[PDB]
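Next comes just one chain, in structure tokens: the form deposited in one PDB entry.
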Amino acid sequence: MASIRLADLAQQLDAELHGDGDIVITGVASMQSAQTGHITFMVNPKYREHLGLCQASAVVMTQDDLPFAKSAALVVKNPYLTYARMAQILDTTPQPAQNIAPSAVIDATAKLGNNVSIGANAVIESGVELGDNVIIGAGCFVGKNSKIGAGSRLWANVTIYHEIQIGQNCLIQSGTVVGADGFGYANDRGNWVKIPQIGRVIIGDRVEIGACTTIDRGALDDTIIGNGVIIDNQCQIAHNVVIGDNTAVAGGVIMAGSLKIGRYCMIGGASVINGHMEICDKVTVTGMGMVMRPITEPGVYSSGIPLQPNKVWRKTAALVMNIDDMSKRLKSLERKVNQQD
């Protein structure tokens, strides 16, 4: 199962074979570390200088690169997208579980599709439904009445709370928490009153969520993750956030309550986003974005003063904090020269 032939792979990748079609390929690697049996690629500009010393058994390349080839070669229009596909074909990643661990704790009321795997010490609460081909990693928790769509996989130690819905073909990395009670509290004077959070989380199809990420459930209504959304490690998604289709949310993003984010957005790492607010389609937020105001026009947005050497920074911070006195000095000369000629 590990290995297939170059010709057979060319067929599946839709590439023109140019070397010997019977090379036995065992895996993908990078140009630098590739050994015999490995296939590689260069999206690379200029690294075709060094194909002669690359030890890979075949190299996915562009037609323009072919003159430079020094081994079997697969010619395509897009070498990077071909890489994605062939790494899937040759994926070494295990599954989080296989079959049902005798040590799993499965409520008698839970409903299981065909070909479902549940790992050791995983806990499945009452009324849970898991579709066909679902895989639940070891140590997972799946709260009451939750639903997990066919094809979806949880890695080890994921926490899904109750009344959560998860789409098809989703992937959730370890340590992640879905549907924790939202940060919402009443008040008299001083001390707080907890408002039960009876909303849910609805997660679309083909959603990928990274590790140690937290997705709070909504107050009354739902917090919603659209189809094909990708979210990296350690994001905070507040109650009632809505994230549109194919939005990418990088690592460490902090997103406040009732934020609506359009489709095709790119939110950069460590961005902090104000809540009860809206960000339109096709907005891009640079790394460390401070998003206080609603974004109503597409395009790319940014904030922050990048790093500088300490000696230099100290002056910069000090003048910034006195931009006021520096402002006024300016208007005083702007007046001294206006009237007095």
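Definition used throughout: the rigid core is the maximal C-alpha set that superposes within 1.5 Å between two forms. Just count from 1 along the sequence shown to find any residue number.
Note on 45-53 vs 27-35: mean CA B-factor is higher in 45-53.
When the mean C-alpha temperature factors of 191-199 and 267-275 are read from the deposited coordinates, 191-199 comes out higher.
Remark: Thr40 belongs to the lowest third of its chain, ranked by C-alpha B-factor as recorded. In this PDB entry, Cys170 carries a Cα temperature factor that places it within the lowest third of its chain's modelled residues. In the deposited entry, the Cα temperature factor of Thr109 places it in the highest third of its chain's modelled residues. In the deposited entry, the Cα temperature factor of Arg293 places it in the highest third of its chain's modelled residues.
Remark: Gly182 belongs to the highest third of its chain, ranked by C-alpha B-factor as recorded.
Heads up, the form deposited in another entry isn't pictured, but that's what we're talking about next.
After superposing the rigid core, the C-alpha of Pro309 moves by less than 2 Å between this form and the one not shown. Annotation for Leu51: C-alpha shift of 2 angstroms or more between this form and the one not shown, rigid core superposed.
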